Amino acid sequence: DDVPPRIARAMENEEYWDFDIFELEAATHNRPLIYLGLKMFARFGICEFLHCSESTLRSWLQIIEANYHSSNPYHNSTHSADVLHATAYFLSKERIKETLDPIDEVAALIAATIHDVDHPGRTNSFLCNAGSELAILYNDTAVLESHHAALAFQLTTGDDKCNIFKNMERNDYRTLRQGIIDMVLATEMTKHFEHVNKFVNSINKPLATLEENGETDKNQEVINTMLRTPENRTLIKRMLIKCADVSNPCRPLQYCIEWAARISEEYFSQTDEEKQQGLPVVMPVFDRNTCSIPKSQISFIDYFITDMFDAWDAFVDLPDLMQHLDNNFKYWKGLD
């Protein structure tokens, strides 16, 4: 497809982890999701799988991106394109290819695209404590993540121009919709240690037990048997989307820094509004007048990133990400 050269130059090496997502953001004028989505989906043959025309896909990527608030510093369409980029990178790795089915690939790439649509730059605890319409609608339970999947399907199937599912066999659509919803909901913060532990206990530990049996050709088939069970493929899909969502510390340093600044401003802004409305301050520590962003990035990596990417790396082998993580962890500490 004829694409403006600068945008085509900014999409040259999307297969590499080292990728200039912010040049794509500037070149596309805050529309990187539709340009990166078209190429990623075509590289994975998604519309040939879903029986969608390219025109239906362009309208779908347009309506999803349009519902990403560009006024949010972090939770905008660039974040979705970035998470889509890491999701595609994880799917491309040898371990993931030979364990998940093509319908899992389709679910992952769409889930990453939609996993934060209509995010308002505020946390779930802010919506509940403020009595937001979404907190009432979802009974203070998985407020944002339920909204992300729900609105995404409202926009998709509420218009024949956008429905990238309309030509599917309806049992395939039943399983695809359930998988997408499961991966979107898996991104809720409070579910973190639950999803990490189950991945270690059902995937990492049994695999490690079986790999000390030697390279016997019958061991390989038993390993494939245990891994490709539908429950374990749900566990791998959750771990994958959880890692792609917060993969910022595993990026090149210049990108890791920009991601930290963007997300910090979003939490500083929420604290500003909570003080100005007399609302209970939920993360009382991300306050712009006191918070050290480098120290906070160390706390974030310590609490969420270290053990999770530890298990994900042992299962998939991701040297670039781990070496970036170590260098970025040292840069944040080096600012002292």
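The term rigid core refers to the most C-alpha atoms you can superpose between the two forms while keeping them within 1.5 Å. We number the residues from 1 along the sequence you see.
Two stretches, 73-81 and 212-220, are weighed by how far their CA atoms sit from the shown form in 9 other deposited structures of this protein after rigid core superposition; the farther one is 212-220. Across the two stretches, 266-274 and 281-289, the PDB entry reports the greater mean Cα temperature factor for 281-289. For the pair 198-206 and 256-264, the record assigns the higher mean C-alpha temperature factor to 198-206.
The entry assigns its greatest Cα B factor, within the set 49, 60, 300, 68, to 49.
Comparing C-alpha B-factors across 146, 167, 247, 123 in the deposited entry, the largest value falls on 167.
Compared with the other modelled residues of the chain, the Cα B-factor recorded for residue 321 ranks in the lowest third. Split the chain's modelled residues into thirds by C-alpha temperature factor. Residue 237 is in the middle one. Placement of the Cα temperature factor of residue 31 within the chain: middle third of the modelled residues, per the deposited record. In the PDB entry, residue 92 places in the middle third of its chain by CA B-factor. Placement of the Cα temperature factor of residue 306 within the chain: middle third of the modelled residues, per the deposited record.
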